[PDB]
Amino acid sequence: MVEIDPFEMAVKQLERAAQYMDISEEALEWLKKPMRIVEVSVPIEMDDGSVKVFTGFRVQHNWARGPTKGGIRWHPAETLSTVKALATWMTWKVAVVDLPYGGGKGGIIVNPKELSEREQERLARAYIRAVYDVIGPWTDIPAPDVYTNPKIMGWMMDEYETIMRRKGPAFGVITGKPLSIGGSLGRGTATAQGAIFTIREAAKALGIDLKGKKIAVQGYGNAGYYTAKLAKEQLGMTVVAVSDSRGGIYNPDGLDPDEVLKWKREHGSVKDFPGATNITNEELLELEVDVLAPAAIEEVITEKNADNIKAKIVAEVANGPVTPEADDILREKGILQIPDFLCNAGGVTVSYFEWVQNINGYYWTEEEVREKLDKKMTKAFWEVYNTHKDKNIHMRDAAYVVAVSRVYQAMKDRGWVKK
């Protein structure tokens, strides 16, 4: 009786979102099954002169709004219950920011750290020849995800362009491509710039000036390094705490965000920086910071460290680091938290800006992408925040009300659901 399923906990979050709105019963049973699941066998030729067969999936959840978009995972812990869960999760993310997109995902049961560079080409190309019949520039647009990179997304475009015989906008079949093949600028800081705008706009919602406040970021990856970098160089945050998987430091005067990265490449981690106080990962949470933004791993702020957090804005960069048990603990403290698919919607929004350039054929510049990402994320916050201020419901549950109704209005106008 101990069962934690990924797809079952993806449906229970929808039936929690059915109570706070008026939705017909015949459309509620439509959204609990993806409309097309393709599971194929992917054969490659190894370097030993032998043939293996990997099991590769593809799940398209709902194309009511438009074409579907989702990443490609390469992990040995993949199942069909995991890919169908993130596919239903993807439709609510690409709805709340007002995109013409539906949900999708794909995965191969493989372990990429035991394949050579020649074998990764034969695996990525043979994935396209199996599921070419269910993708395309107007049908399904893959994207990079865990254990993929823009190098591999260049190969899947080349194998698609050979099959298509170049009769169509073949650069739009996959996003997150390299720079000199038809990719977009402003992809490398897409999750960081897109999250920095919502923290800037949430300053106005409480009426707070950010010229000289404090911020802390857990983790120091590429989505972690650029978040604390933009805080000083744009806003004025006295960055007083950073950390990684190894350790954490502190400064009561501030931290230059690029000065730390030069130490971390020479050393192994952020441990023992000169003029710092080596503390643990746990004490970074309970510090006196104005705005906290975790990005390290899921489930970091739990039911015992729930009431220790003293802040004003908790920005969720990583995917849901706040448990539903801790969801209602912070609200009675008076803490404004942003939802998990609203603060890191900068990944899909710039990846939509790559898909717009590839279809038109006219590439933008870096001055143009930062402007239209600013108008999207500011609008997508004030639509969510005005919903929470009216029905007096929590910000996490209010985000589904806008995401479901934007899809259900598209299902009703296409005639799929009469009632």
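Recorded method for this deposit: electron microscopy, 3.8 Å.
The backbone N, Cα and C atoms fix where each Cβ goes, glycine too.
For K105, the entry in Swiss-Prot reads active site. Reduced to three states, the DSSP call for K105 (active site) is strand. For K105 (active site), other Cβ atoms within 10 Å of its Cβ number 29.
Annotated NAD(+) binding site per Swiss-Prot: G219, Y220, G221, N222, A223, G224, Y225, in sequence order, evidence recorded as sequence analysis. For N222 (NAD(+) binding site), the number of other Cβ atoms no farther than 10 Å from its own Cβ, over all displayed protein chains, is 13. DSSP assigns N222 (NAD(+) binding site) to a helix.
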Proximal residue to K105 (active site) among binding-site residues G219, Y220, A223, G224 (C-alpha distance): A223
Chain-internal residues near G224 (NAD(+) binding site), provided their CB is under 8 angstroms and they sit 6+ positions away: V217, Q218, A295, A296, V317
CB contacts for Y225 (NAD(+) binding site) [other CB atoms within 10 A, all chains]: 21
